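# Survey of secondary and tertiary structure
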Amino acid sequence: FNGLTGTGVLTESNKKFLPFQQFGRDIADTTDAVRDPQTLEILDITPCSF
Amino acid sequence: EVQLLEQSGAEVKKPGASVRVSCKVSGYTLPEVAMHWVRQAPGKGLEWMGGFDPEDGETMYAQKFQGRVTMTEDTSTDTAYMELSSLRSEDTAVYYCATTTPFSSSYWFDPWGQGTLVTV
Amino acid sequence: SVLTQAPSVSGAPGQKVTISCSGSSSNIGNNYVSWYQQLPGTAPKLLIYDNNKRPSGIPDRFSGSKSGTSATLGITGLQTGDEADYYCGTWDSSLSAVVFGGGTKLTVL
Amino acid sequence: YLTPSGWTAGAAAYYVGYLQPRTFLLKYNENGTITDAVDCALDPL
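Residues numbered from 1 in each chain as written, not as in the entry; some residues may be left out. Chains lettered and ligands numbered in written order. Part of a larger assembly, values for the part shown. Heavy atoms only, no water. Residues with missing side-chain atoms left out of burial classes, pairs and counts.

Structure determination for this PDB entry was carried out by cryo-EM, with a resolution of 3.60 Å recorded in the header.

The structure is reproduced here in structure tokens:
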């Protein structure tokens, strides 16, 4: 998404995203959630269980 | 507020002619305010003419004189041409350019063009 | 034209006398009245509009009234420079146009 | 137009403030709106 490659399980996210917001980022700078470029649907980012 | 330019300056047309009357403005723009016309024969009274209608949005034409005189407008250059045609005996007279609000409820002629005498 | 006002009227200076114009219900009845002044070979000046309103620069001495089809132009405090013709007008729905009277040329004696 | 060119019709009042670089503590809701903000420079607390 937006030139960033990450591996994680993809699920819809309950948290609302404002129109300006395209991504949700943790303090650690890891991207918790992203909004799809093709369609504006909020998706939670969950890393595959380890 | 606003000063008004001469209705047509000085115009002389011998019989067998017809004359436009171009009345410009200053301090306003042409299509924020409606023009009007009145025949005024020297030693005589007022005869209204031309004019715009606040209602219906049309530019009026005095029924008695309807069809002989026409009006056009150039909004940017503020030039409103009053063309009277088919000269006759009593139709040489001072013509006054008047202005009234297009918002309606405005019969009074407000500022004047100072009048211009025509020739038949 | 279609309205009623005399050619001329005269009065002594500094006095109080008015001028009236007799219309109809088809003209003055439902419509507002205006009044105009012109000096010889000059620009006819709006006197009073609506019969209770003064344009900018008009002496407050002037007034007006509309009684039925009759409309009087209040003229007070006559001056030596007040001699001129006054014209009544009001909107006409009959021919759906603007109408005037013949005009009344005042004379200050 | 005549009433018994017109400009400055009505009354207009506006407030102007100039942004100055400051460190702001921001409280983030689950919605992501900033509910509370604090300026460290303004006060010791």
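Helix and strand counts for chain B stand at 0 helices and 7 strands. Going from N to C terminus, chain B has its helices and strands arranged as β-β-β-β-β-β-β. Its C-alpha radius of gyration of 14 Å places chain B within 12% of the 14 Å reference for a compact globule of 120 residues. Viewed in the frame of its principal axes, chain B has a C-alpha envelope of about 40 × 25 × 25 Å. Taking as baseline every contact in chain B between residues at least 6 positions apart, the subset at least 24 positions apart corresponds to 54%. (Helix = DSSP H or I, 4+ residues; strand = E, 2+ residues; numbered from the N terminus. Rg over C-alpha atoms; globule rule 2.2 N^0.38 Å. Contact = heavy atoms within 4.5 Å.)

We now examine the overall build of chain A. Scanning chain A from N- to C-terminus turns up 0 helices and 4 strands. Mapped from its N terminus to its C terminus, chain A presents α and β elements in the order β-β-β-β. Computed over C-alpha atoms, the radius of gyration of chain A comes to 11 Å, within 12% of the 10 Å expected from 2.2 N^0.38 for 50 residues, which places it in the range of a compact globule. Dimensions of chain A along its principal axes, counting C-alpha atoms only, are 30 × 25 × 20 Å.

What follows is about the sheet that holds strand β3 (residues 31-35) of chain A. Residues and elements named next belong to chain A. The 4 strands are arranged β1-β4-β3-β2 in an open sheet whose pairing can be described as antiparallel. Two strands bound the open sheet, and with one partner strand each, they are β1 (8-12) and β2 (23-25). In this sheet, adjacent strand axes meet at a mean angle of 25 degrees when their direction is disregarded. In this structure, β1 lies alongside strand β4 (residues 42-47), joined through 5 bridges in antiparallel fashion. (Pairing = 2+ DSSP bridges. Axes fitted to C-alpha atoms, helices over the stretch in contact; angles between N-to-C directions.)

Moving on: the interface of chain C and chain B. Facing 22 residues of chain C, the contacting portion of chain B comprises 15 residues. Carbon and sulfur atoms make up 71% of the area that chain C and chain B hide from each other, which totals about 1,800 Å². Ranking the residues of chain C by area buried against chain B places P44(C), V98(C) and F100(C) at the top, with a combined share of 26%. Here chain C and chain B share 0 salt bridges between them. The set of elements that each furnish at least two residues to the side of chain C that touches chain B consists of β3 (33-38), β4 (45-49), β7 (85-92) and β8 (97-100) of chain C. (Buried area = accessible area lost by both parts, 1.4 Å probe. Salt bridge = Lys/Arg side-chain N within 4 Å of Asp/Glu carboxyl O.)

With that settled, the discussion passes to the state of the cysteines. Using the criterion set out here, one finds 2 disulfides over all chains in the structure. With its sulfur 2.0 Å from that of its partner, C23(B) forms a disulfide with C97(B). Across the S-S bond linking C23(B) and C97(B), the dihedral sits near -90 degrees, which makes this disulfide left-handed. Note that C23(B) is positioned in strand β1 (residues 22-23) and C97(B) in strand β6 (residues 94-100), a separation of 74 residues in sequence. Note on accessibility: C23(B) and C97(B) belong to one class, buried. Linked covalently through their sulfurs, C21(C) and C88(C) form a disulfide whose S-S length is 2.0 Å. For the disulfide bridge between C21(C) and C88(C), the dihedral angle about the S-S bond is near 60 degrees, and by the sign convention the bridge is right-handed. (Disulfide = S-S within 2.5 Å. Buried < 20%, exposed > 50% of the residue type's maximum accessible area, 1.4 Å probe, protein only.)

Taken together, the 4 pairs of chains in contact show their highest number of contacts between chains B and C. For chain A and chain B, which are not in contact, the least C-alpha distance works out to 42 Å. A gap remains between chain A and chain C, with no contact made and the closest C-alpha atoms lying 56 Å from each other.

Residue and element names in this part refer to chain B. Tracing the backbone shows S8 in the segment before β1. You can call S8 buried: its relative accessible area is 18%. Apart from the residues lying within four places of it in its own chain, the contact partners of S8 are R20, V21, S22 and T116.

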